[PDB]
Structure formats: C-alpha cells, structure tokens
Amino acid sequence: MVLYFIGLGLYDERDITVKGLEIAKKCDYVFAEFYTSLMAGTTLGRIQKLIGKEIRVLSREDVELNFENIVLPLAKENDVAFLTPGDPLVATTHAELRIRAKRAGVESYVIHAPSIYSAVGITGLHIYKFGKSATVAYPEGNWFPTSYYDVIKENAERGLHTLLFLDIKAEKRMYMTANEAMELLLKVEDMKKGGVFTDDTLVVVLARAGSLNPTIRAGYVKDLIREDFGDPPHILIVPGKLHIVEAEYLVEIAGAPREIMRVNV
C-alpha cells in the first residue's frame, strides 16, 4: 500500500542516503528509472548488490505511459520503491507521478538525496545567487533550440549565476561535454550576437560531482574550450558578477586566473 520515491544521489552506489538504502531493502519490489539522468560512477549491478534486491529498470515510456500499470498495482498490496538518480522530483516529470499514486489509492513518500542542483555549492558560488536554470540540448536536423542562451542573458544582467544542465542521451549513455556546450554557446552567440557568451566569458565546469575527486575548473572560454575535464557527467555554469569571496574560492580551489578578481568582481 506504499510507494517510496528514493533518490540515488549524484555519482555512485553509495550516494543514496542511509534512509533510502534501508527503506529500499525492506521493499517487496524495487523499480528504477535511468532516463532523467544516469549514475556514471557505478552500474546497475553494483546498485542491485548494495540494496540486495532485483531492480527492474523502467524506460521513459514505461513510466510516462504505463506507470499506473507497472508500478502502482504492486504498490497497492506491497511496499514498493522507485529509484531515481539524484533527488526525486527535481526532474520536472517526477512530480505528477505522485498524483497518479493518489488517484490509484496508493500512498507515496519521498526519500531525498543529493542533487546536482544543490551540489553546485562546491563551486564556491553562493547558492542564493543562482537564477533560473536551463538545459543545453544538442541541435538536431533543422531543430536548433537556443532558449538556454536567453536564460543566461536574463540571469547575468541581474548579476545572477546560471546553472546549465548538459544534454544526455540516456539510452546511448552519451554525455554532452562542457567543451561541446561551450562550442554550442559560441555558435548561438555568433547568431544572436547579444554579447552573452564569448571567448572572454568566465565559466565554471563541474565534472563528476559526488565523486571524491570532482574536477572543478574556472576560467575564460578561450582557455577552457579545449581543456580536458575528465569523464562525465559535466555541468557548465556561467556566473554573474562575483562576490570577492566567490572569486577567491574559484582562484584557490578551481584554478581560476587572478584576472577574474578584477574583471568579474
């Protein structure tokens, strides 16, 4: 009679919380989705071994189209867990699943875990200064989405930082790199010419948040556009005007050039 939405956290199988792990272990059935994002530092097998339960993976169609036929039925007579990378309900589509549960007569609870949305605190940038967030999507065919460029522009002119989630083709396990993201933004800039993203723009790259050894690098696009930030996943941030304390952390911890202390503060 209970469905548990449990977050797996940022990177590997140990990023789930003690609460989530223990609840997952006592569940009769465990489902999981790996389409909103992936857990790059581990494998389904390693997660299954930690939880000590078989994990049935569900595709985007399984959930969006058949959540009430695959998950809820069992939840009606058993304790069921639904695992998701990161923190449940950060991904926009998760929320409505709780409504489906309610209508099915199923009780649901949320077990939180770290999300990249909050983990960016490790960049040294103040969390309150982050504005609207956006996702950089790979252009396809004649489709060239550019709304993320506008998000940066609007946040930046208000002195706010912009968190850019990078595209991920979940099925193919293909991650957009921060390099690809910078190349795309420079291309959008050349088209809109809004003076929003250029070779002189300061950016921050966070790779493998959650890992003990994430890559945290800050610098100008001209210098970072071809730098190796390591294995995925990558997150790109275009900060707004910096507080001196943010700048000092970027220089000391993220290898930023001293120049940011006079150009971006």
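Numbering starts at 1 and runs along the sequence shown.
According to the PDB record, 173-181 carries the higher mean C-alpha B-factor of the two stretches 158-166 and 173-181. When the two stretches 21-29 and 237-245 are set side by side, the higher mean Cα temperature factor goes to 21-29.
For the set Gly194, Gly121, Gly131, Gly86, the PDB entry assigns the largest Cα B-factor to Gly194. The PDB entry assigns the greatest CA B-factor among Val205, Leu58, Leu212, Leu202 to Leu58. Sort the modelled residues of the chain by CA B factor and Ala75 lands in the highest third.
Sort the chain's modelled residues by C-alpha temperature factor and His112 lands in the lowest third, per the entry. Ranked by Cα temperature factor within the chain, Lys53 sits in the highest third according to the deposited record. Annotation for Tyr35: C-alpha temperature factor in the highest third relative to the rest of the modelled chain, per the entry. Looking at the C-alpha B-factors along this chain, the one for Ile47 belongs to the middle third.
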